[PDB]
């Protein structure tokens, strides 16, 4: 078998006190510790998840009644270990996926379905040849329709913005405040609706001290916000999502605990205390959260990431509860392996 810390739970079928003996899955055609991006339709009708296969291609898992896997970027196009982040607007007929080339330049993939078209193509951002820190992660928001903002870590470790819209093409945007940890995970959200202008932007990142911090764009420029987590694991995955609840933006910020369990902080008329959503240890690797507002007014959340041993999980918050059923989305060949909990 493989050994796992006895005090930690490897799956939803682990013993209550930790792992004793169980079977878990290794999906070996998923890049180990793959990046993830995601977007659920604002109606909840379908879901998009993007990930990196073992061969370095970028693939898509689309849920529409069932999950269907496809390839969106051929092998050779993306850095092995690229970050990923996605945009969806129109309300839901225009998709952009951002990633890094093997030369650490911002790249863009475009998928347009307006009027029943199906165009998939390289975006104009590639022309700017924006070289980023090689360990940079990526975030992005959209507003007013096709006004786009891409966030990354520049070569001096500051967070940086690139902008698109208003007929200007891609241009360098703001340099953001704060002192970001080199290689920090980053996640940016727009608290206002996709077609509204101005946006209300928040970004989440880890600082050089290990704390988690918040970027705010609200009225007159970028500032550091009130969200402060004094201590978090080194290079902890971070992903945030926002959707309105009772006509007010509900931000969910997720990161990993020292046990690699998922911690959630909610902003909705103030920040609520961080809370562990479940006690199952995921692989310490990128996660991706998305959300929508049901027609009954409640906010659903989905989180994607890597579960033991190497599988794409889906965690579901629906009707006010995290479902005990944690799904797994197969992306290729798999082997089952026995796992035993071992003490120090």
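Under this definition, the rigid core comprises the largest set of C-alpha atoms superposing within 1.5 Å between the forms. Residue numbers count along the first chain shown, from 1.
In terms of root mean square C-alpha deviation after superposing on the rigid core in 4 other deposited structures of this protein, the stretch standing farther out between 218-226 and 104-112 is 218-226.
Each structure in 4 other deposited structures of this protein is fitted to the shown form on the rigid core, and of 295-303 and 48-56 the C-alphas lie farther away on average for 295-303. Here the stretch with the larger average CA B-factor, out of 86-94 and 215-223, is 215-223. The stretch with the higher mean CA B factor, choosing between 203-211 and 265-273, is 265-273. Across the residues 300, 29, 296, 286, the deposited record lists the maximum Cα B factor for 296. Note on the listed residues 236, 163, 156, 243: the highest Cα temperature factor in the record is that of 156. The deposited CA B-factor of residue 36 belongs to the lowest third of values across its chain.
In this PDB entry, residue 253 carries a Cα temperature factor that places it within the lowest third of its chain's modelled residues.
Among all modelled residues in this chain, the alpha-carbon of residue 193 has a temperature factor (C-alpha) in the middle third.
Compared with the other modelled residues of the chain, the Cα B-factor recorded for residue 168 ranks in the highest third. Per the deposited record, the Cα B-factor of residue 65 falls in the highest third when ranked against the other modelled residues of its chain.
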